[PDB]
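Chains as they are written, first to last, in PDB author numbering: chain HH, 2 to 155; chain 11, 78 to 111; chain ZZ, 5 to 70, 75 to 95; chain BB, 195 to 260; chain UU, 1 to 233; chain LL, 29 to 152.
So the structure is just underneath, and the comments pick up after that.
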Amino acid sequence: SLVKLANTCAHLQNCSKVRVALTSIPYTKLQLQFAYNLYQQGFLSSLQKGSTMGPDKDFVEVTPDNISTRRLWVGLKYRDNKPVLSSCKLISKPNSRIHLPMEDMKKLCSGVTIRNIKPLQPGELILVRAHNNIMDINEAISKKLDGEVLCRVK
Amino acid sequence: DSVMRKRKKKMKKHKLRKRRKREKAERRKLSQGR
Amino acid sequence: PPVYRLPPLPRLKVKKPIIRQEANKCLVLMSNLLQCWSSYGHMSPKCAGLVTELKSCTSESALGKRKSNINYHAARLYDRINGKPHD
Amino acid sequence: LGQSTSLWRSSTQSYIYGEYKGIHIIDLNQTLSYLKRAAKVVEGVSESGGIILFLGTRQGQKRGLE
Amino acid sequence: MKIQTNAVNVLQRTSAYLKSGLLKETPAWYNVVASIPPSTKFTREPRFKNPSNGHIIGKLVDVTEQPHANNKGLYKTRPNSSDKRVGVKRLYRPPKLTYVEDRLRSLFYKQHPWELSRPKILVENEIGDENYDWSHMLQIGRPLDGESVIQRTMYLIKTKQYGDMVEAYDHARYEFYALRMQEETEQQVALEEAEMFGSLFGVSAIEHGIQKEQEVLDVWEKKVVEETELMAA
Amino acid sequence: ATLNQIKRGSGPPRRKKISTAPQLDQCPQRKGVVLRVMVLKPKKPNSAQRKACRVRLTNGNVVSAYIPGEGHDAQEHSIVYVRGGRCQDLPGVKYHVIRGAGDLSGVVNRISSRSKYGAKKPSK
RNA sequence: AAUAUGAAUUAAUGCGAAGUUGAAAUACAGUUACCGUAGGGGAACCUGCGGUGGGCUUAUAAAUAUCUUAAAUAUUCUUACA
RNA sequence: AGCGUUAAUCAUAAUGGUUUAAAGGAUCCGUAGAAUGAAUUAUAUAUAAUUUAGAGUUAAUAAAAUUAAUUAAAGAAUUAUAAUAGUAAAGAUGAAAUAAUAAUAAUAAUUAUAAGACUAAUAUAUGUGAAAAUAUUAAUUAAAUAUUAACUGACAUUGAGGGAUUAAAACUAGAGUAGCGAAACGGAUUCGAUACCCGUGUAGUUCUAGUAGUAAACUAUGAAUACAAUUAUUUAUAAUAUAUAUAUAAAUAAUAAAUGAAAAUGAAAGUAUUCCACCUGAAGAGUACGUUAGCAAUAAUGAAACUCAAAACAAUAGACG
Ligand SMILES: [Mg+2]
Ligand SMILES: [Mg+2]
Ligand SMILES: [Mg+2]
Ligand SMILES: [Mg+2]
Ligand SMILES: [Mg+2]
Ligand SMILES: [Mg+2]
Ligand SMILES: [Mg+2]
Ligand SMILES: [Mg+2]
Ligand SMILES: [Mg+2]
Ligand SMILES: [Mg+2]
Ligand SMILES: [Mg+2]
Ligand SMILES: [Mg+2]
Ligand SMILES: [Mg+2]
Ligand SMILES: [Mg+2]
Ligand SMILES: [Mg+2]
Ligand SMILES: [Mg+2]
Ligand SMILES: [Mg+2]
Ligand SMILES: [Mg+2]
Ligand SMILES: [Mg+2]
Ligand SMILES: [Mg+2]
Ligand SMILES: [Mg+2]
Ligand SMILES: [Mg+2]
Ligand SMILES: [Mg+2]
Ligand SMILES: [Mg+2]
Ligand SMILES: [Mg+2]
Ligand SMILES: [Mg+2]
Ligand SMILES: [Mg+2]
Ligand SMILES: [Mg+2]
Ligand SMILES: [Mg+2]
Ligand SMILES: [Mg+2]
Ligand SMILES: [Mg+2]
Ligand SMILES: [Mg+2]
Ligand SMILES: [Mg+2]
Ligand SMILES: [Mg+2]
Ligand SMILES: [Mg+2]
Numbered sequence: 002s003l004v005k006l007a008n009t010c011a012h013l014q015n016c017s018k019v020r021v022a023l024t025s026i027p028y029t030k031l032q033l034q035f036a037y038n039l040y041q042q043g044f045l046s047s048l049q050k051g052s053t054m055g056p057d058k059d060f061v062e063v064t065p066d067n068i069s070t071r072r073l074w075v076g077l078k079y080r081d082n083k084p085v086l087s088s089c090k091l092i093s094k095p096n097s098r099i100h101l102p103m104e105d106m107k108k109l110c111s112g113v114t115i116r117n118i119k120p121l122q123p124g125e126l127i128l129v130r131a132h133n134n135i136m137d138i139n140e141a142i143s144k145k146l147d148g149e150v151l152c153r154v155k
Numbered sequence: 078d079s080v081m082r083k084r085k086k087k088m089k090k091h092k093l094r095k096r097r098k099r100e101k102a103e104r105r106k107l108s109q110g111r
Numbered sequence: 005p006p007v008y009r010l011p012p013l014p015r016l017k018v019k020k021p022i023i024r025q026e027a028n029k030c031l032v033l034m035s036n037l038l039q040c041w042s043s044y045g046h047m048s049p050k051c052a053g054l055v056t057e058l059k060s061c062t063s064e065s066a067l068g069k070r075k076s077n078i079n080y081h082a083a084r085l086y087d088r089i090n091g092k093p094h095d
Numbered sequence: 195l196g197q198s199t200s201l202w203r204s205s206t207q208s209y210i211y212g213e214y215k216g217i218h219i220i221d222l223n224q225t226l227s228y229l230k231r232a233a234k235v236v237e238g239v240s241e242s243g244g245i246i247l248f249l250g251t252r253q254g255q256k257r258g259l260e
Numbered sequence: 001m002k003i004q005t006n007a008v009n010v011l012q013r014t015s016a017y018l019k020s021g022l023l024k025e026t027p028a029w030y031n032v033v034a035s036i037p038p039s040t041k042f043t044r045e046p047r048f049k050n051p052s053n054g055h056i057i058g059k060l061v062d063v064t065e066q067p068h069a070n071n072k073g074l075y076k077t078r079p080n081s082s083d084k085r086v087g088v089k090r091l092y093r094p095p096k097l098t099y100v101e102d103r104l105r106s107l108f109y110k111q112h113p114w115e116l117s118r119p120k121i122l123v124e125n126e127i128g129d130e131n132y133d134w135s136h137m138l139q140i141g142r143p144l145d146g147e148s149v150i151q152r153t154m155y156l157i158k159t160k161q162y163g164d165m166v167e168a169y170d171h172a173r174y175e176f177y178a179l180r181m182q183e184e185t186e187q188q189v190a191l192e193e194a195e196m197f198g199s200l201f202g203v204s205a206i207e208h209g210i211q212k213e214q215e216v217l218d219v220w221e222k223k224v225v226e227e228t229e230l231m232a233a
Numbered sequence: 029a030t031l032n033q034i035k036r037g038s039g040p041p042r043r044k045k046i047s048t049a050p051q052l053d054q055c056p057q058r059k060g061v062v063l064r065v066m067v068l069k070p071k072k073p074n075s076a077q078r079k080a081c082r083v084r085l086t087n088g089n090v091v092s093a094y095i096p097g098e099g100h101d102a103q104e105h106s107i108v109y110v111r112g113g114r115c116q117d118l119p120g121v122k123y124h125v126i127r128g129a130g131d132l133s134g135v136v137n138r139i140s141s142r143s144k145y146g147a148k149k150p151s152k
């Protein structure tokens, strides 16, 4: 869900503000994907499944017995007295969800304000959902996927 | 509203009340039978 | 027991610090003499030495002999003694 | 021996090892590494002929400081 | 207190000045600070073990990991309320260090109040230099006290001479007692010897105490008389 | 300010302009007939004697119009053209009689700013 | 039926002019001020009832305190001693 | 070869706000919502089958005796009447008088009857209630906390319109009426005194049945969810080997960060998401007209013309009291 995603973004921002190292997130598929995307772009130092109490050392299979207590632990990242993941504003908010075609995404990438989105920035990452798979907006353009403009990290 | 600002409003309300008191018989005359 | 933590104050100080000095000797003697004269009529010689002692005390002046640093300490140690959280 | 459990600046959390006797206890391997780093920079400025200034306002510290 | 940027970014700020020409000459510290960089990564780092005990902080016991019946014979089939709450503050707040020896220490001084009256120097000599074999109590650098007993108890526990802790403690206590008795006898006999061979002690401990009391009493008496006089008048 | 609220009528208050001269009826001038011609006392603190006049326009509504210039020529019936200025010190007069046209004559011996009054070019 | 214009007489309100009567408010504004409401009064207002602080968090003592080698020992010590 | 001016149009700040400046509905309940809202997999934002983390249901085990409504009790005093004995003042105020005060024998005192209305300490409104509210006792009926066990399987959030409750005053009936007390009358005060003080003291305050639906109905701060750095206090829960030092929550008080016009807010006035209400210069005005509702007072709804370049808040330094 999108509300959840917004909440996790807010939590990430809060954690960046006070400089915590290792932070929990809810264990869902969309959320996991988002976390993986951040990790690959280079905003998170670590990403690992775990309990509500902490990250897991060994593998523990997730079932109806565990699922309520399961959690996604995430390492934050800092360099020269400045946090890497400064912001996590989402674009498609729950009330005004926005879905762009490939042309619109291209325009956004090339410095054009679209549907009241400030076009994407030098060291920024706009994530895009396309058939229940979160991608970079550039990646989506390359693959040519009309998708929901999810969120924005800087 | 500060107290000073409120005091103008209070004064206005008082004036209105006075006007209503004055125009009671007149109001009565106007109301009944029309 | 019920502890009572104050808020952050501008300055911990007692408004007036009492020294609690001893009462005057001459005054005491005078009171004793008065007490003696309550009994034994006006001026009987039971209080013959007491009157003399009073006179000796109150010869140069009516009273014989003529401050507590508590504010300085409170002022000094307020910032320490606070449970004021960090900056 | 760190300050106290109730006089805690949480900014210093990484440095502290655990609490005991109602007192935070400073991780001492960490202390060592930081001391070494500090010692090296002290040596370097002395080598370069820099002006080192030792500041110590507490009561007993004067003689050792001098 | 906000994380100060300007205490650790000193060389960068000076490097900029040097580039500009605001600074003609480089500082003495500049090269040194370049060589040895500051930390500048003021994070809250999480901790996963209590160092004293060796308990695990991070882990959660699952429903599948608790198959057998509970106290009051109910099988756990669900996560409880506490198993759902996100326990992140436990990872970050520093661990309360616990030792088995602390309890033994507490017990000993309850059992032996007058051992507290034996003065204790807390100013450490080189902690690395020592090397005590707790096969016996009497170590060289260390004095005889409840601590030594406790160390002996711990040694016994480790070696499994006494498998039970209580028995080991008792044994250590009994070892201590004999030593204490011997110490007591030594001093008395030394005193006797001194008395025999014409040694002269100017002030004995009891005499000293009496003298100390006397001054206090004298102080009290004058004050008390004044107070009585005050009361009278 | 919620998205739904915005949809059902909410936003910034659009401001452009409000009519300075309503009685003029959305046009540059209107012809009028002077009724009376006054000398008004201004607001405090500035003081003078302002040569205003009352004018019934052709559209019907009556208006207090200012008369500029040092001296003027206006009776109780003169044909006068009104424009939408405002005499700032006199309250309740939101108009100017335009001075070259009508029975109102051009202001005499005017050298500077002649078109602002009626004044023709003197022609050597 | 609705709308528009007119109406003797009449009410409110605005702007100007600073005249008269008091002095209600701002300080403990010389009866704490204001909310709701009711009654009274030339006029501000006054009085009852409950409410509010946008007035009192403006907050700052009934006082007494202890014994171990005072020194040939501590106090000195400049990478020495061990 | 136009330049001025007037009349117009577009641009020129919502890349806004509502504790204190315009602006949170008195409070909750709940309908619509073309408002928003968990998990996993598979179908070609939906369907389908599975989940239990939200939201509920019922037990069990601990606690708590509070809030409603109703019925039954208690208490210090107050006034009035009467008796007793007793003597000249009493009562009041800044100081005085007027009065159902007193030489018809008072006031004070001691008794004895009656009447209403209030609830000292404990008390912190701590707590409890949706908010108005709510502390003498008891009973009845209703509702209420936490943790476990089991079950339901997103059933939720918010909520236009709507609905219900809503202090004090007011009103309509019928009781009641000690004390207090608008008004009125009288005495003071004062230049005056339609006041502040004193005295008589009617409505009212009290109960029963209603009407009405407003208050500085205020935390001047709508509800919900996720999240973020410390400390100290209590409160409850669990374990500990009943009294210890521990783990949880909850509240209260200081703060970090952050936000902020600042004052300051501090788990919200922070970081975010959702839904509703409301604001768009000051006067005129919550006025007029109109409509609806009310026994009425009134309540809600709610304009325009006319006139200004003002008007407002936080804080600063003075002067002043
Ligand atoms: Mg306001
Ligand atoms: Mg000119
Ligand atoms: Mg010219
Ligand atoms: Mg008709
Ligand atoms: Mg007319
Ligand atoms: Mg006067
Ligand atoms: Mg007066
Ligand atoms: Mg007044
Ligand atoms: Mg006063
Ligand atoms: Mg006054
Ligand atoms: Mg006043
Ligand atoms: Mg009156
Ligand atoms: Mg009042
Ligand atoms: Mg005031
Ligand atoms: Mg104040
Ligand atoms: Mg715009
Ligand atoms: Mg409210
Ligand atoms: Mg309001
Ligand atoms: Mg609701
Ligand atoms: Mg509420
Ligand atoms: Mg009470
Ligand atoms: Mg009340
Ligand atoms: Mg009533
Ligand atoms: Mg009645
Ligand atoms: Mg009266
Ligand atoms: Mg009702
Ligand atoms: Mg009203
Ligand atoms: Mg209201
Ligand atoms: Mg209230
Ligand atoms: Mg701060
Ligand atoms: Mg903000
Ligand atoms: Mg604001
Ligand atoms: Mg605060
Ligand atoms: Mg109308
Ligand atoms: Mg109304």
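Just so you know, even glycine gets a beta-carbon here, dropped at the ideal spot from N, CA and C.
So, residue i versus residue j, is the Cβ gap smaller than 8 Å?
{"i": "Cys110 (chain HH)", "j": "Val154 (chain HH)", "result": "no"}
{"i": "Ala22 (chain HH)", "j": "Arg44 (chain UU)", "result": "yes"}
{"i": "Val110 (chain LL)", "j": "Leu52 (chain LL)", "result": "yes"}
{"i": "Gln207 (chain BB)", "j": "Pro37 (chain UU)", "result": "no"}
{"i": "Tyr211 (chain BB)", "j": "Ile217 (chain BB)", "result": "no"}
{"i": "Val90 (chain LL)", "j": "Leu68 (chain LL)", "result": "no"}
{"i": "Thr159 (chain UU)", "j": "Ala172 (chain UU)", "result": "no"}
Assign residue i to one of three DSSP states: helix, strand, or coil.
{"i": "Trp134 (chain UU)", "result": "coil"}
{"i": "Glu124 (chain UU)", "result": "coil"}
{"i": "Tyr211 (chain BB)", "result": "strand"}
{"i": "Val62 (chain LL)", "result": "strand"}
{"i": "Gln33 (chain LL)", "result": "helix"}
{"i": "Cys51 (chain ZZ)", "result": "helix"}
{"i": "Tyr40 (chain HH)", "result": "helix"}
{"i": "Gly148 (chain HH)", "result": "strand"}
{"i": "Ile126 (chain LL)", "result": "strand"}
{"i": "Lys107 (chain HH)", "result": "helix"}
{"i": "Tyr109 (chain LL)", "result": "strand"}
Report the partner residues of residue i according to the DSSP bridge assignment.
{"i": "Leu48 (chain HH)", "result": "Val75 (chain HH)"}
{"i": "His218 (chain BB)", "result": "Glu213 (chain BB)"}
{"i": "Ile56 (chain UU)", "result": "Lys49 (chain UU)"}
{"i": "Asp137 (chain HH)", "result": "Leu128 (chain HH)"}
{"i": "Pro73 (chain LL)", "result": "According to DSSP, which records beta bridges pairwise, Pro73 (chain LL) is partnered with nothing at all."}
{"i": "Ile26 (chain HH)", "result": "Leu73 (chain HH)"}
With hydrogens ignored, establish whether the beta-carbon of residue i is closer than 7 Å to any heavy atom of ligand 2.
{"i": "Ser92 (chain LL)", "result": "no"}
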